[PDB]
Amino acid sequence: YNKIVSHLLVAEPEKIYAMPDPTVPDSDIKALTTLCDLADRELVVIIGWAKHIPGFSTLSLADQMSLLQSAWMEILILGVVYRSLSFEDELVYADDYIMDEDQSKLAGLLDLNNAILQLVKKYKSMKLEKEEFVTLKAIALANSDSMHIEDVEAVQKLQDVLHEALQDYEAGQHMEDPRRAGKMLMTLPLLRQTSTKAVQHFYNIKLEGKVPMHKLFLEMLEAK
C-alpha cells in the first residue's frame, strides 16, 4: 500500500513497561505516580517519533513545540486505546499495567477511563487496523488546533499530506466502504474530548501536590 503509512509503521516506538514499584503499597498515589512516570517516558519517544513524520522537522522549532503541546495527551491516549482493542472493559496502559474498573475507581480515574473505553468500543466495532492507528496518531498531531502556529500554510500542508495517506490507504484496502476514511476522521472529536478531560484531571492532581511528576510531563501539563 501507501508509503507514508508503511513509514509510520516502521517509526512506531517500542513498548514501554510501567514497572509499578513492588515495595510500595497499592494506593491512588501509587497508581497516579506510576501512570505519570509512564507518560513522562512515553513523551520522550513521542518527540523522537514526530521527527519521522514527513515535513514535521521542516517546521520551525516553535511550530513543532506548538503541535506537540496541543496533541501530546491525544497521542498518549490513542496508544492506550490501540493496546486495549483485544481486551474487554480493561485499559492496557502497559503489558504490566492493565486497569479494570475496580482499579480505575481506586485511582479516582473511573470517569476518565470510561471515556477512554468509549474510544476503544468504537474502534473495536470499526475493526481499527495498526495502519489506520498510526496514520490517525500523525493526523491528531497535525490537526491539534494550537492557537500559536507561525506557518498556518505549512501546518495545513502537513494535515493534507497525512489526510491523503489515510484516504489512499482506505481506497486501496477498503473498497467495500468508500467512506471509511471519513468514518476514521469522525473518531477524532471523541479523542479531543477525552484528551481535554485527561489534561484537566492531571493538572488538578498537579495542583493538589500529592503525586511527584518528572520535568517533561510537567512542562506539557503546564503548557495549557
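The first residue of the sequence shown is number 1, and the count goes up from there. Under this definition, the rigid core comprises the largest set of C-alpha atoms superposing within 1.5 Å between the forms.
K.L.:
Fitting on the core, do the C-alphas of 22-30 or of 181-189 deviate more in 9 other deposited structures of this protein?
P.N.:
Clearly, after the core fit, the stretch farther away in 9 other deposited structures of this protein is 22-30.
K.L.:
So which stretch wins on mean C-alpha B-factor, 143-151 or 73-81?
P.N.:
143-151 has the higher mean C-alpha B-factor.
K.L.:
Got a sec? Mean C-alpha B-factor, which is higher, 194-202 or 177-185?
P.N.:
Here the higher of the two C-alpha B-factor means belongs to 194-202.
K.L.:
Among 207, 9, 24, 18, which carries the highest Cα B-factor?
P.N.:
Answer for 207, 9, 24, 18: 207, with the highest C-alpha B-factor.
K.L.:
Which third of the chain holds residue 66 when residues are ordered by C-alpha B factor: lowest, middle or highest?
P.N.:
Middle third - that is where residue 66 ends up once the chain's C-alpha B-factors are sorted.
K.L.:
Check where residue 105 lands among this chain's C-alpha B-factors and tell me if it's the lowest, middle or highest third.
P.N.:
Ranked within chain, residue 105 CA B lands in the highest tercile.
K.L.:
Among all modelled residues of this chain, ranked by Cα B factor, put residue 162 in the bottom, middle or top third, i.e. lowest, middle or highest.
P.N.:
It belongs to the lowest third of the chain when residues are ordered by C-alpha B-factor.
K.L.:
With respect to C-alpha B-factor, does residue 170 fall in the lowest, middle or highest third of the chain as deposited?
P.N.:
Lowest third of the chain for residue 170's C-alpha B-factor.
K.L.:
Considering only modelled residues of the same chain, in which third does the CA B-factor of residue 114 rank: lowest, middle or highest?
P.N.:
Middle third of the chain for residue 114's C-alpha B-factor.
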